[PDB]
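Undergrad: One structure coming up, written as structure tokens, with questions to follow.
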Amino acid sequence: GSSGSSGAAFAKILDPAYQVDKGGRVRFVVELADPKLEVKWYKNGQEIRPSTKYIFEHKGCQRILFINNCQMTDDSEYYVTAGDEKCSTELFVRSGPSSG
């Protein structure tokens with residue numbers, strides 16, 4: 001049983017940490033071993049709803065998510081669930097200049 005469908009739902013988990021510009025837009029992509037399973041996005045223990053701000057894109061066995069208006073305050077924890085597995089990541093949105 002080198003590698004099989006025993007204890008694995010997410011083919012590719014989200015990065016350990018993301019980085020985007022203020023009032024910008026982040027990119028969250030995730031792969032699923034099988035389309036049969038369902039994907040769910042959550043932000044700080046709160047189900048996210050599909051809206052202009054949240055862009056839900058479904059392609060075969062991939063689920064992308066875009067969040068517009070990325071503000072320092074928006075920076076929150078995100079975790080997606082699929083089947084009998086789930087992962088989590090941290091968003092790091094900058095704000096303001098650095099040098100000059």
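Convention: chains lettered A, B, ... in structure tokens order; per-chain residue numbering from 1; ligands numbered from 1 as shown.
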DSSP on the backbone: what in chain A comes out strand (DSSP E), as a ChimeraX atom specification?
TA: /A:10-12,18-20,24-32,39-43,54-59,62-70,77-82,85-93
Undergrad: Quick one: residues within 12 Å of residue 94 (chain A), only C-alpha atoms, excluding same-chain residues fewer than 3 positions away - as a PyMOL selection string?
TA: chain A and resi 18-26+69-75+91+97-98
Undergrad: With N, CA, C and O atoms kept, could you save the residues just selected as an mmCIF file, in the first residue's frame?
TA:
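Generated file (again-v6.cif):
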data_model
loop_
_atom_site.group_PDB
_atom_site.id
_atom_site.type_symbol
_atom_site.label_atom_id
_atom_site.label_comp_id
_atom_site.auth_asym_id
_atom_site.auth_seq_id
_atom_site.Cartn_x
_atom_site.Cartn_y
_atom_site.Cartn_z
ATOM 1 N N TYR A 18 0.544 32.912 3.542
ATOM 2 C CA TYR A 18 0.372 33.700 2.326
ATOM 3 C C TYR A 18 0.775 35.152 2.556
ATOM 4 O O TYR A 18 0.944 35.587 3.696
ATOM 5 N N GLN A 19 0.927 35.897 1.466
ATOM 6 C CA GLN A 19 1.310 37.301 1.549
ATOM 7 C C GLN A 19 0.738 38.092 0.377
ATOM 8 O O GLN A 19 0.934 37.729 -0.784
ATOM 9 N N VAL A 20 0.032 39.175 0.686
ATOM 10 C CA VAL A 20 -0.568 40.016 -0.342
ATOM 11 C C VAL A 20 -0.525 41.487 0.059
ATOM 12 O O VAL A 20 -0.308 41.816 1.225
ATOM 13 N N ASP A 21 -0.736 42.366 -0.914
ATOM 14 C CA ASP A 21 -0.724 43.801 -0.663
ATOM 15 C C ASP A 21 -2.063 44.266 -0.100
ATOM 16 O O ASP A 21 -3.094 43.626 -0.312
ATOM 17 N N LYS A 22 -2.042 45.383 0.620
ATOM 18 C CA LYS A 22 -3.253 45.934 1.215
ATOM 19 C C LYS A 22 -4.343 46.113 0.162
ATOM 20 O O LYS A 22 -4.059 46.198 -1.031
ATOM 21 N N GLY A 23 -5.592 46.173 0.614
ATOM 22 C CA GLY A 23 -6.705 46.344 -0.301
ATOM 23 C C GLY A 23 -6.493 45.616 -1.614
ATOM 24 O O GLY A 23 -6.979 46.049 -2.659
ATOM 25 N N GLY A 24 -5.763 44.505 -1.562
ATOM 26 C CA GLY A 24 -5.499 43.735 -2.763
ATOM 27 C C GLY A 24 -6.385 42.510 -2.873
ATOM 28 O O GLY A 24 -7.537 42.529 -2.440
ATOM 29 N N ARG A 25 -5.848 41.443 -3.456
ATOM 30 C CA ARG A 25 -6.599 40.206 -3.624
ATOM 31 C C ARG A 25 -5.681 38.992 -3.501
ATOM 32 O O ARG A 25 -4.657 38.903 -4.179
ATOM 33 N N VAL A 26 -6.056 38.059 -2.632
ATOM 34 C CA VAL A 26 -5.268 36.851 -2.420
ATOM 35 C C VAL A 26 -5.758 35.712 -3.308
ATOM 36 O O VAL A 26 -6.847 35.781 -3.878
ATOM 37 N N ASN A 69 -10.168 43.305 -1.359
ATOM 38 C CA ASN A 69 -10.188 44.243 -0.243
ATOM 39 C C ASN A 69 -9.398 43.695 0.943
ATOM 40 O O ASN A 69 -9.818 43.823 2.094
ATOM 41 N N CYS A 70 -8.254 43.086 0.653
ATOM 42 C CA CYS A 70 -7.405 42.518 1.694
ATOM 43 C C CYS A 70 -6.806 43.616 2.566
ATOM 44 O O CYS A 70 -5.853 44.286 2.169
ATOM 45 N N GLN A 71 -7.371 43.796 3.755
ATOM 46 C CA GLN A 71 -6.894 44.815 4.682
ATOM 47 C C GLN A 71 -6.204 44.179 5.884
ATOM 48 O O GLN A 71 -6.485 43.033 6.237
ATOM 49 N N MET A 72 -5.301 44.928 6.507
ATOM 50 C CA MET A 72 -4.572 44.436 7.670
ATOM 51 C C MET A 72 -5.517 43.762 8.660
ATOM 52 O O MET A 72 -5.171 42.757 9.282
ATOM 53 N N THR A 73 -6.715 44.323 8.802
ATOM 54 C CA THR A 73 -7.710 43.778 9.717
ATOM 55 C C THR A 73 -8.301 42.481 9.177
ATOM 56 O O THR A 73 -8.644 41.579 9.941
ATOM 57 N N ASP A 74 -8.420 42.395 7.857
ATOM 58 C CA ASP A 74 -8.970 41.208 7.214
ATOM 59 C C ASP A 74 -8.116 39.981 7.518
ATOM 60 O O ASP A 74 -8.635 38.877 7.688
ATOM 61 N N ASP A 75 -6.805 40.181 7.587
ATOM 62 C CA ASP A 75 -5.879 39.091 7.871
ATOM 63 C C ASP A 75 -6.445 38.161 8.940
ATOM 64 O O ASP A 75 -6.400 38.468 10.131
ATOM 65 N N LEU A 91 -3.008 34.153 6.696
ATOM 66 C CA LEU A 91 -2.915 35.226 5.713
ATOM 67 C C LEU A 91 -2.161 36.423 6.284
ATOM 68 O O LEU A 91 -2.446 36.878 7.392
ATOM 69 N N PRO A 97 3.573 52.035 3.391
ATOM 70 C CA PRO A 97 4.920 51.968 2.819
ATOM 71 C C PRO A 97 5.935 51.374 3.790
ATOM 72 O O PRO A 97 5.610 51.089 4.943
ATOM 73 N N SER A 98 7.162 51.189 3.317
ATOM 74 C CA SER A 98 8.224 50.625 4.144
ATOM 75 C C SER A 98 9.432 51.555 4.185
ATOM 76 O O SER A 98 9.862 51.987 5.254
#
Undergrad: Report as a list in words all protein, DNA and RNA residues lying within 12 Å of residue 87 (chain A), evaluated on only C-alpha atoms, omitting residues in the same chain fewer than 6 positions from it.
TA: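 Near neighbours after the sequence-gap exclusion: residues 8, 9, 10, 11, 12, 13, 14, 15, 16, 30, 31, 39, 40, 41, 42, 77, 78, 79, 80 and 81 of chain A.
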Undergrad: Okay, now the selection with C-alpha atoms, as a PDB file, in the first residue's frame?
TA:
ATOM      1  CA  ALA A   8      -6.023  11.127   2.147  1.00  0.00           C
ATOM      2  CA  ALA A   9      -8.559  13.599   0.760  1.00  0.00           C
ATOM      3  CA  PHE A  10      -6.601  16.762  -0.031  1.00  0.00           C
ATOM      4  CA  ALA A  11      -4.141  16.278  -2.892  1.00  0.00           C
ATOM      5  CA  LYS A  12      -2.576  19.672  -2.183  1.00  0.00           C
ATOM      6  CA  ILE A  13      -3.013  21.656   1.031  1.00  0.00           C
ATOM      7  CA  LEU A  14      -2.798  25.448   1.236  1.00  0.00           C
ATOM      8  CA  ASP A  15       0.570  27.124   1.795  1.00  0.00           C
ATOM      9  CA  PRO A  16       1.817  27.487   5.395  1.00  0.00           C
ATOM     10  CA  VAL A  30      -6.698  23.519  -3.311  1.00  0.00           C
ATOM     11  CA  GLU A  31      -6.750  20.113  -4.999  1.00  0.00           C
ATOM     12  CA  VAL A  39     -15.118  21.595  -0.134  1.00  0.00           C
ATOM     13  CA  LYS A  40     -15.922  24.238   2.479  1.00  0.00           C
ATOM     14  CA  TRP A  41     -14.102  27.486   3.262  1.00  0.00           C
ATOM     15  CA  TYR A  42     -14.123  29.034   6.735  1.00  0.00           C
ATOM     16  CA  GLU A  77      -7.096  32.286   9.691  1.00  0.00           C
ATOM     17  CA  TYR A  78      -8.500  30.108   6.908  1.00  0.00           C
ATOM     18  CA  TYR A  79      -9.207  26.372   6.875  1.00  0.00           C
ATOM     19  CA  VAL A  80     -10.844  24.203   4.214  1.00  0.00           C
ATOM     20  CA  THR A  81     -12.459  20.812   4.811  1.00  0.00           C
TER      21      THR A  81
END
Undergrad: In Å, how far is it from CA of residue 50 (chain A) to CA of residue 76 (chain A)?
TA: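 Interatomic distance here is 17.1 Å.
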